[PDB]
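Quick notes on the structure that follows.
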Amino acid sequence: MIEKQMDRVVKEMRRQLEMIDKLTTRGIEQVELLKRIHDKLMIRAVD
Amino acid sequence: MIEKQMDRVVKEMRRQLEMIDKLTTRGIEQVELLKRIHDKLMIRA
Amino acid sequence: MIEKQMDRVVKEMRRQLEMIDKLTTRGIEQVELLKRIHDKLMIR
Amino acid sequence: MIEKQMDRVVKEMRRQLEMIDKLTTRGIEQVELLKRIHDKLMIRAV
């Protein structure tokens with residue numbers, strides 16, 4: 001049945017997109033951590 | 001200064017990741033809409 | 001010597017974005033598995 | 001109707017995913033640009 005094949009695909013896509021979402025959130029955390037590093041450099045760049 | 005180049009890049013990356021996030025959310029909505037389509041098909045046969 | 005901390009973060013971001021890339025490519029495959037399903041339905 | 005509706009959805013998703021892909025590639029470029037910045041910092045450190 002194609003409807004059962006469609007089901008397997010839909011579940012997989014949901015699962016892929018949820019992972020991409022988790023990774024994206026983890027990336028945004030890293031970007032903040034990168035902003036903090038930029039800041040430390042700026043503080044050191046003055047003295 | 002490198003530090004100002006780093007700043008421009010960090011800001012850009014955040015902006016890219018926020019877009020990817022919006023698109024991902026939009027995709028999950030579409031996947032639900034696809035689950036609804038699969039259900040209609042199940043009802044039809 | 002933060003730079004080592006910056007390094008650890010940059011490597012991790014590279015790793016995260018490469019995963020997102022693999023998943024994105026897997027999604028595009030799926031999107032075509034779906035177009036084939038659409039086609040089978042049309043043939044019906 | 002459902003078949004054509006499904007088609008709309010699928011085209012939309014393919015478009016969303018291709019954008020995510022472009023952005024991901026742009027992120028990878030930025031990460032390289034960041035590696036280069038780290039290196040410059042290393043050179044300036046000594």
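Identifiers in this document derive from the order of the structure tokens: chains are assigned A, B, ..., residues are numbered from 1 separately in each chain, and ligands are numbered from 1 in order of occurrence.
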Counting only C-alpha atoms, chain C residues within 9 Å of chain A, as a PyMOL selection string: chain C and resi 2-3+5-6+9-10+12-13+16-17+19-21+23-24+26-27+30-31+33-34+37+40-41
Using only C-alpha atoms, what table do you get, as a Markdown table, when you list each residue of chain B with an atom no more than 10 Å from chain D, its nearest pair of atoms, and their distance in Å rounded to one decimal, rows by chain then rising number?
| residue | atom | partner | partner_atom | distance |
| --- | --- | --- | --- | --- |
| B:2 | CA | D:37 | CA | 6.5 |
| B:3 | CA | D:37 | CA | 8.3 |
| B:5 | CA | D:37 | CA | 8.0 |
| B:6 | CA | D:37 | CA | 6.9 |
| B:9 | CA | D:30 | CA | 6.4 |
| B:10 | CA | D:30 | CA | 8.3 |
| B:12 | CA | D:30 | CA | 8.2 |
| B:13 | CA | D:27 | CA | 6.2 |
| B:14 | CA | D:27 | CA | 9.3 |
| B:15 | CA | D:23 | CA | 9.7 |
| B:16 | CA | D:23 | CA | 6.0 |
| B:17 | CA | D:23 | CA | 7.8 |
| B:19 | CA | D:20 | CA | 8.0 |
| B:20 | CA | D:20 | CA | 5.5 |
| B:21 | CA | D:20 | CA | 8.8 |
| B:22 | CA | D:20 | CA | 9.6 |
| B:23 | CA | D:16 | CA | 6.1 |
| B:24 | CA | D:16 | CA | 7.9 |
| B:26 | CA | D:16 | CA | 7.9 |
| B:27 | CA | D:13 | CA | 6.2 |
| B:28 | CA | D:13 | CA | 9.4 |
| B:29 | CA | D:13 | CA | 9.9 |
| B:30 | CA | D:9 | CA | 6.4 |
| B:31 | CA | D:13 | CA | 8.5 |
| B:33 | CA | D:9 | CA | 7.8 |
| B:34 | CA | D:6 | CA | 7.0 |
| B:36 | CA | D:6 | CA | 10.0 |
| B:37 | CA | D:6 | CA | 7.0 |
| B:38 | CA | D:6 | CA | 9.3 |
| B:40 | CA | D:2 | CA | 8.2 |
| B:41 | CA | D:2 | CA | 8.4 |
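Counting from CA of residue 46 (chain A), the distance to CA of residue 8 (chain C) is 24.6 Å.
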By how many Å are CA of residue 11 (chain A) and CA of residue 35 (chain B) apart?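 Computed distance, CA of residue 11 (chain A) to CA of residue 35 (chain B), equals 8.4 Å.
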May I ask for the distance between CA of residue 11 (chain B) and CA of residue 28 (chain C), given in Å to one decimal place? 28.1 Å
